[PDB]
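First, one chain by itself in structure tokens, the form deposited in one PDB entry.
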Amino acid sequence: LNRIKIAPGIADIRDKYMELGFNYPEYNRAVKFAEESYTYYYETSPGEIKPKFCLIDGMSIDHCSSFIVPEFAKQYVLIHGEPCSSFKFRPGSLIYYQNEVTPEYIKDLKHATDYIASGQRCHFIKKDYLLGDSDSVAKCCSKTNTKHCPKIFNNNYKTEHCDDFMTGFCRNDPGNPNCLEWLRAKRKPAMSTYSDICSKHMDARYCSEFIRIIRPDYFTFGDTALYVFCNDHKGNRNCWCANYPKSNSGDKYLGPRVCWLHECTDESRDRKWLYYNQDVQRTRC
């Protein structure tokens, strides 16, 4: 317990040497240690960034994080790291075990001193943005804000992660172009969602586009909407090719029979008010 002194390193400015004398002289030392690797805007190793700092057991996690520029930090996760030792009184010091300096020594010193603490070295690893909140989800999926988004929630709806949010979003704003890019991926909850919408609001232009997408392949989802809409709106003029009001017959001009009425014969080009089986035949004539 005497002549504590901090000797400069030969090369790494972060690296230093801690010299010391003792009441028992056999414990004399020249310990190599590093501290405060500069704040990083880049990576230590492939996909990795390891600050030159020992996180003593019980020390706050953020102390590892203090040596990374916060923008560059958003991507990286902190995982476990290899055992290291530190000087309690100067906690966060990385002791290097070289030569005379040996694990025995250190085990022993601790037994005799409270000048030794231990922990794990800071090991960061690259993944992607974390996104822990509902609004964060809504922003990414809707594309009202895209900047700090992971690929899973920002791939133009290629994967399905956004379908839950877009289910509710698009019910409200069916005309939203992004709701339409979403629907264009033709996965079942989008198509289903628009069958519900158009069953109520077929007359909207977005329902035109709805029909335009789902055909040819997923036509049933349009037929379903046409059926219900025209069931719910008997007063609408555009319905009478699909549900013609003779009490016995609303099936009168379905399928092959569609070419019989002059109205349903192409007048306007509006596919949506004729069922798929129907407007197939319109052209066939």
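Take the two forms, superpose them, and find the largest set of C-alpha atoms that agree within 1.5 Å; that set is the rigid core. Just count from 1 along the sequence shown to find any residue number.
Query raised in the report: Can you tell me which stretch has the higher mean Cα B-factor, 94 to 102 or 73 to 81?
Result: Between 94 to 102 and 73 to 81, it is 94 to 102 that shows the higher mean C-alpha B-factor.
Query raised in the report: Out of 109 to 117 and 153 to 161, which stretch has the higher average CA B-factor listed in the record?
Result: If you average the C-alpha B-factors of 109 to 117 and of 153 to 161, the larger mean comes out for 109 to 117.
Query raised in the report: From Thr220, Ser60, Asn248, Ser65, can you pick the one with the highest C-alpha B factor in the entry?
Result: If I rank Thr220, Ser60, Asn248, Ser65 by C-alpha B-factor, first place goes to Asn248.
Report task. Using the B-factor values recorded in the entry, state whether the Cα atom of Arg237 falls in the lowest, middle or highest third among the modelled residues of its chain. Result -> Highest third, going by the recorded CA B-factors of the chain.
Query raised in the report: Can you tell me which third, lowest, middle or highest, the CA B-factor of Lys252 falls into for its chain?
Result: Highest third of the chain for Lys252's C-alpha B-factor.
Query - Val31 - which third its CA temperature factor falls in, relative to the rest of the chain - result: Highest third, going by the recorded CA B-factors of the chain.
**Report entry** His201 - Cα temperature factor, lowest/middle/highest third of chain
**Finding:** As the PDB entry reports it, the C-alpha B-factor of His201 lands in the lowest third of its chain.
**Report entry** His123 CA temperature factor, ranked by third within the chain
**Finding:** Lowest third, going by the recorded CA B-factors of the chain.
What comes next is about the form deposited in another entry, which does not appear here.
Query - Rigid core superposition between the shown form and the other one: residue from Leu78, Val137, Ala204, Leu109 with Cα shift of 2 Å or more - result: Per the superposition, the moving residue is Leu109.
Requested in this report: Answer yes if the Cα of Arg257 shifts by 2 angstroms or more between the shown form and the other one on a rigid-core superposition, and no otherwise.
Outcome: After core superposition, the displacement of the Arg257 C-alpha between the shown form and the other one stays below 2 Å, so no.
Query raised in the report: Just checking, between the shown form and the other one and with the core aligned, does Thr220 shift 2 Å or more at the CA?
Result: Superposed on the core, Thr220 moves its C-alpha less than 2 Å between the shown form and the other one.
Report task. Using a rigid core alignment, state whether the CA of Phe67 is displaced by 2 Å or more between the shown form and the other one. Result -> No, shifts by less than 2 Å.
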